[PDB]
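**Student:** First portion of the complex, with coordinates as positioned in the assembly:
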Amino acid sequence: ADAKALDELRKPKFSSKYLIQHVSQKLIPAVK
Amino acid sequence: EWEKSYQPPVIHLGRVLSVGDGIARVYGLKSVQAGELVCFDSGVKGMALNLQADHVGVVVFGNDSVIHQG
């Protein structure tokens, strides 16, 4: 993997959020 | 006749990954031949020695001080 293809992943590219929001009621109860 | 037969050829690029101990490692250059003479942007020539899956080992015909990563 190169760097110019990997440095453009710091910008958000998801444009859909059925996972990024569907863990708040799942992540912090699981790590606790 | 030079201008009626004139196409500026497509220049294949490659980044330097790593340089030092006399050999640069070069990202890219996908169609480079084994043993090909490559030219760095500092003017210094090199020879495409080891074609690898992910880089090209280039031995540098000159001082490796003028080559940087990138």
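**Tutor:** Received, thanks. Numbering: from 1, shown residues only, chains lettered A, B, ... in the order given.

**Student:** how would you label the residue in chain A that chain B sits nearest to: helix, strand or coil?
**Tutor:** Residue of chain A nearest chain B, by Cβ to the nearest Cβ: residue A:2 (5.8 Å). For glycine as for every other residue, the C-beta is placed from the backbone atoms N, C-alpha and C. Three-state assignment for residue A:2 (DSSP: H, G, I helix; E, B strand; the rest coil): coil.

**Student:** Could you report the neighbour count for the spatially closest residue to it that is not a sequence neighbour?
**Tutor:** Computed as Cβ to Cβ, 6 or more residues apart in numbering or on different chains, the closest residue to residue A:2 that is not its neighbour in sequence is residue B:27, at 5.8 Å. Neighbourhood size, residue B:27 [other Cβ atoms under 10 Å in any protein chain shown]: 20.

**Student:** Also residue B:54?
**Tutor:** 9.

**Student:** if I pick it, what's in contact with it?
**Tutor:** Contact analysis of residue B:54 by Cβ atoms under 8 Å, 6 or more residues apart in numbering or on different chains lists residue B:27.

**Student:** Same check on the one 5 residues further on?
**Tutor:** Counting by Cβ under 8 Å, 6+ apart, residue B:59 makes contact with B:22-23, B:46-47, B:49.

**Student:** Buried by neighbour count, from those residues: which ones?
**Tutor:** B:23, B:46 (16 or more other Cβ atoms under 10 Å in any protein chain shown).

**Student:** And the contacts of residue B:59, which is closest to residue B:12?
**Tutor:** Of all the contacts of residue B:59, residue B:12 sits closest to residue B:46, with 14.1 Å by Cβ to Cβ.

**Student:** Same list (the contacts of residue B:59) but as TSV, adding distance to chain A.
**Tutor:** Listed next are the contacts of residue B:59 as TSV, based on distance: Cβ to the nearest Cβ, whole Å:
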residue	distance to chain A
B:22	23
B:23	19
B:46	20
B:47	23
B:49	21
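
**Student:** let's bring in chain C now:
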Amino acid sequence: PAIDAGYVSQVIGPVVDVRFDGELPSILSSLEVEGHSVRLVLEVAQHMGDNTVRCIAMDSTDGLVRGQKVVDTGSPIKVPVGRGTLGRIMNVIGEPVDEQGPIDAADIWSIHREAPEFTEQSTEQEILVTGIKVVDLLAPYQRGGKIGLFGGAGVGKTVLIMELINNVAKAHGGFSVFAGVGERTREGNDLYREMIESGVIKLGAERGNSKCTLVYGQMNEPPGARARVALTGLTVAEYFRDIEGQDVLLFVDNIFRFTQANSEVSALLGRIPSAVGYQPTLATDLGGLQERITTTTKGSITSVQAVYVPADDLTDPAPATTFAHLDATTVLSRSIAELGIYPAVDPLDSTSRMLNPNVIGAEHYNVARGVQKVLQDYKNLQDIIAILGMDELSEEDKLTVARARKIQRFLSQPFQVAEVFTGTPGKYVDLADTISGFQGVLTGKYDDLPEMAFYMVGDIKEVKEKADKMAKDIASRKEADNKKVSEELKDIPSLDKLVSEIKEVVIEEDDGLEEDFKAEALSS
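**Tutor:** This next block brings in chain C, placed alongside the chains you saw above:
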């Protein structure tokens, strides 16, 4: 063309990784690179593990791109074998390199096979008379056995192997195979040209009466070709042994260059190196090759192979491994050659399994062991002679110093292939002439002869002729030398007559290099 065709993954010198999308080729199978400057043949060495095979190229990899399609031939390297390959020169992959057309294929055999089994081995020891005094006496060659000629960097193991070609092969009857492995191309062009003068190789229409196949993998070739041309040379010789069923001679010049070529490839095949820098699989690479060169019950291969020693070291692992595989060993020394003794055979390092009193006879064996005892006793005296001198030994010691200095010179011999740079004519010494010739020196029949009468002669009659000639040349002396050179009536012209006979050459106006460069290029 999707499947059964892979593409180049990576090129590391002569080692190419090829990636196949399905049904990888077998190990030792040969692949073909599409669209190269020459025919580039790879041979699969390893299965690397992610649908990648690792191959060794039989030609140069300069000009290879990491996408080039590689097709599988579904078989190993297969060379033409038969009587249609006699008189031809082949390379590692079986192509003709003598410009005499395509090679007539009695069969197309793979260069890789297993060694013949234990039940097919032969146990038969008959002597091979060579005409060389030091070989027939102290380490006689077996007719049907493996012979090795050890020595390094100009001791004469190619001049010795040409003499065995001259002496043994012309009076042999069967076919020869010469496998040039990693040697000079000048030296292989010399052999091809003198085998046409000798009628061993006949060209054109009478080609089937040729009695030698040449297979050349010389020292300009990349290490993939040199690591495999000794196997092409056997496959020609194994065909005449197994199928034609006859006695053949296999001369392999520098079978060390098979070992060295595998050691260049193995640095790039990703291996931990062995002792002094060689590949870990040295003994089995060499052993898997040498075990094919045998006499079986169906045919015989009398192999003579030169073995280079690196930096004149016999404990180096590539010479030391080759010693076990040979029936007769002929170690050539540099310290003997600098004395002018040629062939420079170390008589206290050359061994044969034929030096056995049940095999060569009782009196041949006793002369041979008697000569080695005089030479060993003189070797034990070398340090005290060096610092104290000749005048301090016993009379019993300085009797054997003078006898061993006589048999040291008498083991030397003019070769018929050395006449071109020495001038002395060669001498084929018969086996009976060297046993009774060396039997006389041990008893003391020739203590009164000088030492230099033994140097560069054929047999014991010629030390008596050379001593008479040596004594006479310090006796023949003439008064006023019989010139008759001045006052020669009408033969010697003047200078200005002779200068006028010189056809004066013309000078073509200062090198002319522009008209014959600008004629053809128009590009830079």
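
**Student:** ok chain C is loaded, check the neighbour count of residue B:54 again?
**Tutor:** 10.

**Student:** what does the one 10 residues further on give?
**Tutor:** Residue B:64 is surrounded by 17 other residues when neighbours are defined as other Cβ under 10 Å.

**Student:** And it, how close does it get to chain C?
**Tutor:** Between residue B:64 and chain C the distance, using Cβ to the nearest Cβ, to the nearest Å, works out to 21 Å.

**Student:** quick one: that residue and residue B:22 touch, right?
**Tutor:** Yes - with contact defined as Cβ atoms under 8 Å, residue B:64 reaches residue B:22; the gap is 5.7 Å.

**Student:** Now do the same for the closest residue in space to residue C:19 that isn't next to it in sequence: helix, strand or coil?
**Tutor:** Leaving aside its chain neighbours, residue C:19 sits nearest to residue C:9 (4.6 Å; criterion: Cβ to Cβ, 6+ apart). Following three-state DSSP, we place residue C:9 in the strand state.

**Student:** Break chain C into its domains for me.
**Tutor:** Chain C breaks down into these domains under curated CATH domains: C:1-76, C:77-354, C:355-476.

**Student:** and the end-to-end length of the second one?
**Tutor:** Meaning domain C:77-354. Using Cα to Cα, to the nearest Å, the span of domain C:77-354 from its first residue to its last is 37 Å.

**Student:** Please say whether there is contact between it and chain B.
**Tutor:** No - on the criterion Cβ under 8 Å from any Cβ of the partner chain, domain C:77-354 is out of touch with chain B, staying 9.0 Å away.

**Student:** where does that domain sit relative to the chain's centre, distance-wise?
**Tutor:** Averaging C-alpha positions (Cα atoms, centre = their mean, to the nearest Å) puts domain C:77-354 7 Å from its chain's average.

**Student:** which ones are touching residue C:203?
**Tutor:** With contact set as Cβ under 8 Å, 6+ apart, residue C:203 has these partners: C:87, C:100, C:196.

**Student:** now the sequence for chain D, which goes on the structure above:
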Amino acid sequence: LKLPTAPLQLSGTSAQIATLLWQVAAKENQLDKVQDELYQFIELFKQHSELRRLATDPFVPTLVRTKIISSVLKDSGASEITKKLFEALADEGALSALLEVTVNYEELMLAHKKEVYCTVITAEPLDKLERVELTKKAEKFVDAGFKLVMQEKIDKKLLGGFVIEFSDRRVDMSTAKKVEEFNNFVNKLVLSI
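**Tutor:** Chain D now in position relative to the chains above:
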């Protein structure tokens, strides 16, 4: 077994994951579905420090790492592929390989959308005709009927014309290279005559 062949072949062990991730998602026709879920996970590693602790910290046990990832993906409507993917990387501790898996997943999608990203640097902003004219000659440079997207840049050091930057090759068909390719040609020839 019988997987669809990948659009272009790639590097080792992080592109091999994404090539297998691509071939599974093409056998199941979820090539944009799991691509977006990959992008959703990159942002999800950015929001939380307790989620990148399961990818960098060497003291998080293997049992804690494989139970937590399965716990937050037992629900949430993710693919069957990416649920099996993330428990595979969490068993082996290769969750940090996700960020390099997905950039090899991108260029597999790019060579399947039939697409090439480029950068055209010109002297002045283009016309409704200059844009169609160089695009008609830029099909000669891509090795297919690929869809060059665009990108428009401006520099006045070029004397009209354009250059292309294809991210691995460039074509300098500007006039400013044409005048020094003229001058070094005419100076090369008059020292020959």
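
**Student:** mind redoing the neighbour count of residue B:54 now chain D's in there?
**Tutor:** Applying other Cβ under 10 Å, we find 14 residues neighbouring residue B:54.

**Student:** before we move on, what about residue C:465?
**Tutor:** If you count neighbours by other Cβ under 10 Å, residue C:465 ends up with 12.

**Student:** Can you find the residue of chain B that comes nearest to chain A?
**Tutor:** Closest approach between chain B and chain A, counting by Cβ to the nearest Cβ: residue B:27, at 5.8 Å.

**Student:** What about residue 10, how many residues nearby?
**Tutor:** Let's take chain A. Using other Cβ under 10 Å, residue A:10 is surrounded by 9 other residues.

**Student:** Let me rephrase: I mean chain D.
**Tutor:** Using other Cβ under 10 Å: residue D:10 sits among 19 other residues.

**Student:** How about the contacts made by the residue nearest to the spatial centre of chain D?
**Tutor:** By Cα atoms, centre = their mean, the mean C-alpha position of chain D lies nearest to residue D:107, the distance being 3.8 Å. Contact partners of residue D:107, counting by Cβ under 8 Å, 6+ apart, are A:5, D:8, D:10.

**Student:** From residue B:16, how far off is the residue of chain B closest to chain A?
**Tutor:** Separation of residue B:27 from residue B:16 (Cβ to Cβ, to the nearest Å) stands at 7 Å.

**Student:** which parts of stretch D:145-162 are buried?
**Tutor:** Buried residues in stretch D:145-162 (16+ other Cβ under 10 Å): D:146, D:148, D:158, D:161-162.

**Student:** in stretch D:13-23, what's buried?
**Tutor:** Quick answer for stretch D:13-23 (16+ other Cβ under 10 Å): D:14-15, D:17-19, D:21-22.

**Student:** quick one: which of the residues you listed sit in helices?
**Tutor:** With helices defined by DSSP state H, the entries of the buried residues of stretch D:13-23 inside them are D:15, D:17-19, D:21-22.

**Student:** Many thanks, have a good one.
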